[PDB]
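> can you look at this? It's an experimental structure, sequence on top.
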Amino acid sequence: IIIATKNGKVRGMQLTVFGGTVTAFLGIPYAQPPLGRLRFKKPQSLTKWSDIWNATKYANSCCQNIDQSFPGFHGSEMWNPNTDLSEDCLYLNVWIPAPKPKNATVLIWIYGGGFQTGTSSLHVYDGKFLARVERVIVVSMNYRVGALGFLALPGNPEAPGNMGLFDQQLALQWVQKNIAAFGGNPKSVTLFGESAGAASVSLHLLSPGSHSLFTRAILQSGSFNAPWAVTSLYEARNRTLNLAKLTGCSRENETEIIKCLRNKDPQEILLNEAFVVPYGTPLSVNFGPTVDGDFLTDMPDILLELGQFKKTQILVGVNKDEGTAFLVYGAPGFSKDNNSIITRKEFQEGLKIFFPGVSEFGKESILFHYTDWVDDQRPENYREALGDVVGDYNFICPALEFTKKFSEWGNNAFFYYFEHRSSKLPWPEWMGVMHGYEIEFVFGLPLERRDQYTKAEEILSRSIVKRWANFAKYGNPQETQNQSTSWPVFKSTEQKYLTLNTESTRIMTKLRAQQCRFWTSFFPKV
Ligand SMILES: *[C@@H]1O[C@H](CO[C@@H]2O[C@@H](C)[C@@H](O)[C@@H](O)[C@@H]2O)[C@@H](O[C@@H]2O[C@H](CO)[C@@H](O)[C@H](O)[C@H]2NC(C)=O)[C@H](O)[C@H]1NC(C)=O
Ligand SMILES: *[C@@H]1O[C@H](CO[C@@H]2O[C@@H](C)[C@@H](O)[C@@H](O)[C@@H]2O)[C@@H](O[C@@H]2O[C@H](CO)[C@@H](O)[C@H](O)[C@H]2NC(C)=O)[C@H](O)[C@H]1NC(C)=O
Ligand SMILES: *[C@@H]1O[C@H](CO[C@@H]2O[C@@H](C)[C@@H](O)[C@@H](O)[C@@H]2O)[C@@H](O[C@@H]2O[C@H](CO)[C@@H](O)[C@H](O)[C@H]2NC(C)=O)[C@H](O)[C@H]1NC(C)=O
Ligand SMILES: C#CCN1CC[C@@H](CN(CCOC)C(=O)c2ccc3ccccc3c2)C1
Ligand SMILES: *[C@@H]1O[C@H](CO[C@@H]2O[C@@H](C)[C@@H](O)[C@@H](O)[C@@H]2O)[C@@H](O)[C@H](O)[C@H]1NC(C)=O
Ligand SMILES: *[C@@H]1O[C@H](CO)[C@@H](O)[C@H](O)[C@H]1NC(C)=O
Ligand SMILES: *[C@@H]1O[C@H](CO)[C@@H](O)[C@H](O)[C@H]1NC(C)=O
Ligand SMILES: [Cl-]
């Protein structure tokens with residue numbers, strides 16, 4: 001099966017899915033390899049080819065440091081790249097239903113990874129089930145991460161910042177110019193992403209250069225107003241200079257610094273990335289989105305507050321235990337191999353790990369609002385409090401605040417609270433419904449009966465897949481046929497949200513109200 005794209009023909013491959021067929025084009029290039037003098041620059045247009053490009057395997061993932069904290073453990077290594085790392089990584093993937101659709105809605109996945117890691121080839125991002133089950137086209141792309149994607153000298157085109165966001169954007173541009181050749185409808189494109197991918201999706205809502213490249217947006221556990229999502233001008237400068245010094249590229253002409261960094265092997269850049277910050281945390285984003293004056297014209301909190309974003313529908317949600325995954329990457333007393341009962345003193349120590357630059361008073365204020373218990377004799381009180389601190393501050397409260405502020409400008413928004421813990425979750429039970437572990441349900445992995453998911457999980461994934469496809473196609477994430485709970489729009493007044501679980505799917509109001517008032521109204525002052 002051959003498709004003629006604007007830059008040349010590509011050959012895909014047939015996939016057997018659920019007694020049917022999906023056509024996969026894995027690894028289509030969408031930009032000139034950003035090598036040599038193109039390292040740190042915006043992605044350049046692709047020179048046409050006349051051959052038949054073989055898009056029959058995932059391409060290189062972008063250079064990145066690997067999570068080595070739990071070698072051999074599926075819970076962590078399932079997020080590590082599964083193809084060769086290379087600077088030659090600007091490729092995308094296309095899953096089209098078979099028989100070829102005539103005008104299918106397109107879903108474009110943007111992976112997360114703290115803007116430092118990630119790849120579109122992960123097993124949990126496999127789009128073949130969505131193409132099979134919902135007859136949508138699924139697209140995903142690799143975009144540059146870390147310093148190679150987000151090194152910033154604002155205004156300098158040799159390293160302007162936000163290159164990995166421009167990679168994503170050039171990929172959306174490719175879909176606009178090419179997806180009709182695949183049976184896709186360029187006028188019906190939904191972006192969806194998780195974590196940094198969701199923060200990226202929300203930044204495309206703000207970026208005028210992306211306005212015309214998609215229709216709607218889904219944001220899973222992330223948004224640009226999360227405290228880790230946007231690097232300020234002061235930090236980005238200090239971090240660029242610190243990388244220069246660590247590598248021996250300190251110059252006075254900033255363009256000469258970039259030339260010097262261009263001769264460094266990718267590995268040398270990657271090993272010094274960790275140390276450009278004096279006090280890191282498990283949530284550090286050393287090199288991420290910045291206000292560059294190109295992709296992002298102003299501080300995005302101002303743009304959100306003042307209604308300067310694409311007017312469209314959004315689907316936003318978070319997981320019940322967003323915070324716990326980060327606790328075993330540094331908080332004292334925590335371990336994935338025991339139940340991590342921690343003491344008051346260990347809790348206080350954990351706050352220093354997660355809020356290193358925060359004053360004594362600020363850390364006391366966190367402790368005060370999170371450690372007023374009903375039964376102060378529950379041994380896991382402090383363990384659960386620290387997970388909630390990290391999850392509320394980094395994910396849940398920013399997602400709610402984004403959704404309130406976005407919906408105040410007239411658009412339908414839908415908010416979900418995902419609270420099913422996967423029966424196949426390799427992490428221990430105390431970590432709960434972890435960050436990232438809704439993704440496999442969104443992509444329909446539990447629809448594969450040959451896997452070890454329960455029947456309740458197949459049904460839950462089936463409903464979520466239908467709701468996501470209905471949102472993409474029609475702007476309304478309902479399941480209209482199986483007597484499902486109707487999903488009400490989220491309004492800034494009543495703030496209704498839908499819970500997603502195997503048992504009872506419920507309409508609730510004002511998620512984490514007391515906690516988010518602390519983080520959203522108080523904590524920014526300290
Ligand atoms: C494919 O369908 C589009 C319409 O898509 C719908 O409308 C969009 C605005 C958006 O809401 C999507 O989610 C919907 O699915 C057809 O678009 C028409 O195209 C012609 C020619 O370009 C144009 O004159 C009309 O104005 C378009 N109608 C619109 C914009 O509403 C398009 O023709 C279909 N293409 C194929 C090949 O089937
Ligand atoms: C801005 O950067 C300076 C320099 O960072 C140091 O050098 C880098 C190459 C890298 O190795 C970092 O880990 C180093 O810390 C920071 O100043 C340092 O701050 C720490 C702790 O605050 C202190 O112990 C060091 O002695 C400082 N070194 C110097 C030369 O001042 C500074 O903190 C950074 N600013 C911010 C806001 O983070
Ligand atoms: C849970 O485990 C942590 C981490 O300890 C490591 O992993 C364990 C599963 C086990 O294999 C240990 O050998 C490892 O050290 C425990 O925290 C440690 O506690 C010891 C007590 O001797 C202390 O000296 C260390 O500093 C701690 N390690 C840290 C803070 O990283 C914790 O006590 C265990 N909790 C429970 C309830 O079993
Ligand atoms: C460092 C570190 C360890 N973490 C702990 C948990 C785990 C989170 N995963 C894995 C992918 O699950 C979606 C990330 O990729 C990741 C890494 C850093 C982030 C920084 C800010 C916001 C989100 C982040 C997400 C990796
Ligand atoms: C690109 O692929 C071409 C065809 O691939 C081969 O033939 C098809 C029908 C399948 O059987 C497939 O698995 C086979 O590999 C090759 O002829 C051609 O050389 C390839 N181009 C390369 C490798 O640069
Ligand atoms: C820095 O170097 C560049 C490239 O060689 C040059 O164009 C630019 O003018 C230089 N700037 C200064 C201040 O010397
Ligand atoms: C609705 O229920 C039937 C079983 O009665 C099932 O086959 C079908 O796929 C369900 N659809 C969705 C979208 O959940
Ligand atoms: Cl308060």
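Okay, I see it. Residues are numbered from 1 along each chain as shown. Ligands and ions are numbered 1, 2, ... in the order given.
> what about the most centrally placed residue in the chain, which SS state?
The residue lying closest to the centre of the chain (C-alpha atoms, centre = their mean) is residue 197, at 2.3 Å. Assigned by DSSP: H, G, I helix; E, B strand; the rest coil, the conformation of residue 197 is helix.
> ok, the closest residue to residue 113 other than its chain neighbours - how many residues close by?
Take residue 113 and drop its neighbours on the chain: the residue closest to it by C-beta to C-beta, 6 or more residues apart in numbering is residue 196, 5.8 Å away. To be clear about C-beta, it is placed using only N, CA and C from the backbone, and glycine gets the same treatment. Close neighbours of residue 196, defined as other C-beta atoms under 10 Å, add up to 27.
> got it, and residue 397?
24.
> need the contact list for it.
For residue 397, the contact set (C-beta atoms under 8 Å, 6 or more residues apart in numbering) comprises 512, 515-516, 519-520.
> how close does it get to ligand 4?
Note on residue 397: its distance to ligand 4, by C-beta to the nearest ligand atom, to the nearest Å, is 14 Å.
> helix, strand or coil: sort out residue 384 for me.
Relying on three-state DSSP, one would call residue 384 helix.
> residues in contact with the residue lying farthest from the centre of the chain?
Distance from the C-alpha centroid of the chain peaks at residue 377, with 37.7 Å (C-alpha atoms, centre = their mean). Shown in contact with residue 377 (C-beta under 8 Å, 6+ apart): no residues.
> before we move on, what about the one 4 residues further on?
Contacts were defined as C-beta under 8 Å, 6+ apart; by that measure residue 381 touches 371, 373, 375.
> so which of these reach ligand 6?
Filtering the contacts of residue 381 for proximity to ligand 6 by C-beta under 6 Å from any ligand atom leaves nothing.
> who wins for neighbours among those residues?
Most surrounded of these: other C-beta under 10 Å gives residue 371, at 16 neighbours.
> now do the contacts for the closest residue to that one other than its chain neighbours.
The spatial neighbour of residue 371 that comes closest, neighbours along the chain excluded (C-beta to C-beta, 6+ apart), is residue 385 at 5.8 Å. Contacts for residue 385 (C-beta under 8 Å, 6+ apart) come out as 347, 370-371.
> mind doing that once more with 10 Å?
Residues in contact with residue 385, defined by C-beta atoms under 10 Å, 6 or more residues apart in numbering, are 323, 342, 344, 347, 350-351, 366-367, 369-373.
> now residue 126
Counted by C-beta under 10 Å, 6+ apart, residue 126 has contacts 15, 17, 22, 24, 58, 93, 95, 120, 138, 140, 440, 443-445.
> separation between it and ligand 4?
Remark: distance between residue 126 and ligand 4 (C-beta to the nearest ligand atom) = 16 Å.
> residue 207 too?
According to C-beta to the nearest ligand atom, residue 207 stands 20 Å off from ligand 4.
> try residue 9
Residue 9 is 35 Å from ligand 4, by C-beta to the nearest ligand atom.
> what is the burial count for that residue?
Applying other C-beta under 10 Å, we find 14 residues neighbouring residue 9.
> again, but for residue 44
By the measure other C-beta under 10 Å, the count of residues near residue 44 is 13.
> circling back: list just the nearest of the contacts of residue 381 to ligand 8.
residue 371 (14.1 Å; C-beta to the ion).
> OK, contacts around the closest one?
344, 347-348, 381-382, 385-386, 389.
> mind listing the strands for the stretch 151-300 of the chain?
184-194, 216-220 (DSSP state E, counting those that start in this stretch).
> of those strands, flag the one that's most buried.
Stretch with highest mean neighbour count among the strands of the stretch 151-300 of the chain: strand 216-220 (a mean of 27; mean count of other C-beta atoms under 10 Å).
> ok, residue 173 touching residue 204?
No. Contact criterion C-beta atoms under 10 Å: residue 173 and residue 204 do not qualify, at 11.7 Å.
> more neighbours: those two, which one.
Neighbour count, other C-beta under 10 Å: between residue 173 and residue 204, residue 204 has more, with 25 against 19.
> the residue of the chain found nearest ligand 6: neighbour count?
Closest residue of the chain to ligand 6, C-beta to the nearest ligand atom: residue 253 (3.7 Å). Around residue 253 there are 8 other residues, counting by other C-beta under 10 Å.
> quick one on the thing from earlier: Throw the strands of the stretch 151-300 of the chain into a markdown table and include distance to residue 335, thanks.
Below are the strands of the stretch 151-300 of the chain laid out as a markdown table (distance: least, C-beta to C-beta, whole Å):
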| stretch | distance to residue 335 |
| --- | --- |
| strand 184-194 | 25 |
| strand 216-220 | 27 |
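> mind checking which of those strands is nearest ligand 1?
Distance to ligand 1, taken as C-beta to the nearest ligand atom, is lowest for strand 184-194 among the strands of the stretch 151-300 of the chain, at 3.3 Å.
> is the closest one in proximity to ligand 1?
Yes. Judged by C-beta under 6 Å from any ligand atom, strand 184-194 comes into contact with ligand 1 through 185, 187-188.
> near ligand 7 too, which of those?
Okay, of those, nothing touches ligand 7 (C-beta under 6 Å from any ligand atom).
> who in this protein is up against ligand 2?
So the chain meets ligand 2 at 238, 242, 245-246, 275, 278 (C-beta under 6 Å from any ligand atom).
> hmm, 8 Å instead?
234-235, 238-239, 241-243, 245-246, 275-279, 357 (C-beta under 8 Å from any ligand atom).
> still on that earlier bit, list the residues that contact the residue of the chain closest to ligand 6.
Contacts for residue 253 were tallied using C-beta under 10 Å, 6+ apart; they are residue 259.
> secondary structure class of residue 505, three-state.
Quick answer, by three-state DSSP: residue 505 is coil.
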